[PDB]
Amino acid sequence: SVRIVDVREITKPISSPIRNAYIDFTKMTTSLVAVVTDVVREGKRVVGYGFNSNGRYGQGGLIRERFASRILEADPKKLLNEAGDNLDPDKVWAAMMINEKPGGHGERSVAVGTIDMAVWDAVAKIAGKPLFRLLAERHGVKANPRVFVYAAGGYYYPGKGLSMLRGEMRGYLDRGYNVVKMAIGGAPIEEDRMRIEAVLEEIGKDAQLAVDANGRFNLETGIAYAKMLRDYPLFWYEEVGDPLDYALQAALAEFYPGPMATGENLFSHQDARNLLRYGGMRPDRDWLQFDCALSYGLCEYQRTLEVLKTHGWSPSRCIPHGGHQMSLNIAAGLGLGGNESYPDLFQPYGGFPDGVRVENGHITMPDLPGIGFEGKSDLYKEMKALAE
């Protein structure tokens, strides 16, 4: 007997006055979800957990009012795999997606992606395997526990000056990171130049710098920043214009030969397909940042990887946004290019298991069952408080 006995949710705050070119995180929240089963492993009830990434807010209402109910109301026998000894993630996905009209991929994509995370967590636990190894198995590939991670921060903050910006970055380098990201477009172009040079000077030859415009720029502004930016050895220029203005992105290739990245705000394989079709991105050097937690989960992310193949892209071009363990498992299991990380933000959500250190921009996935949340005490404390 294998069945989902309950789906609990609790909205947690991850707010602060940090600000980027488009938004400030003054009221930012996230949904912590628990998928409770009636299965037991390692002498404890198996409970899958999940939470959504920063930026799109918690989805308690949708989870309760539309998706959780469908799962709990579904015939338990129709959510199992071939052998009937575990849950089939895709069947659970399909079950919660009934009566949902096409298009409109936002908000509900976060609710579903967060539940999906907890479902895969439970499935892996029931199978007694680390999620990344279960994924490698299902895809017939060899997993690689060594995953590249970069530190994201450099936000605009009330009273935060250049010296403080430099300190923040040095703080990331002190922790083993060799690639850092900062926000831009939240100040006059010449002020951002100063912020960039300050950071560039601080990290010297020990790390590379990536900048994020958060989709705030129109074509002309995007080009203006491109001309200023291309004179520096940046790791990448992220989300220059509106995430859906593919023509704008395509036009940037003419002014910015260096690597660019985007995708965190595209939440479906259909939207990702359109990015690959009309975005004009360079598959040899650009980065795709789709976030499964905000995009209907891993079940959907697999369809997105299928889209990349149809368009001749390599999964190694993917570096998910979000800084969460779900992405780490996908990266390690399916060969993504790496994962984002927020060493000083949104804690305890995200991060790594207690003990794993970042060495030369890389961490090594320990063999913990499921996603590995249990290994991060301050996070797991929050989770077992929700359901155990």
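One rule holds for the numbers: they count along the sequence shown, beginning at 1.
Student: Could you check which stretch, 104-112 or 156-164, carries the larger mean CA temperature factor in the entry?
Tutor: The deposited B-factors put 156-164 ahead on the C-alpha mean.
Student: Tell me which of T262, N81, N274, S295 tops the list for C-alpha B factor in the record.
Tutor: Most elevated C-alpha B-factor of the set, per the entry: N81.
Student: Say you rank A122, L234, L288, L131 by Cα B-factor from the PDB entry; which sits at the top?
Tutor: Highest C-alpha B-factor among the listed options: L234.
Student: Using only modelled residues of the chain, where does the Cα B factor of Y57 rank: lowest third, middle third or highest third?
Tutor: Lowest third, going by the recorded CA B-factors of the chain.
Student: Going by the CA temperature factor in the PDB record, which third of the chain does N218 belong to: lowest, middle or highest?
Tutor: According to the entry, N218 has a C-alpha B-factor in the chain's highest third.
Student: Please place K205 in the lowest, middle or highest third of its chain according to the CA B-factor in the PDB entry.
Tutor: As the PDB entry reports it, the C-alpha B-factor of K205 lands in the highest third of its chain.
Student: If you rank every modelled residue in this chain by C-alpha B factor, which third holds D245: lowest, middle or highest?
Tutor: Middle third.
Student: By the recorded C-alpha temperature factor, relative to the other modelled residues in its chain, which third is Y256 in?
Tutor: According to the entry, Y256 has a C-alpha B-factor in the chain's highest third.
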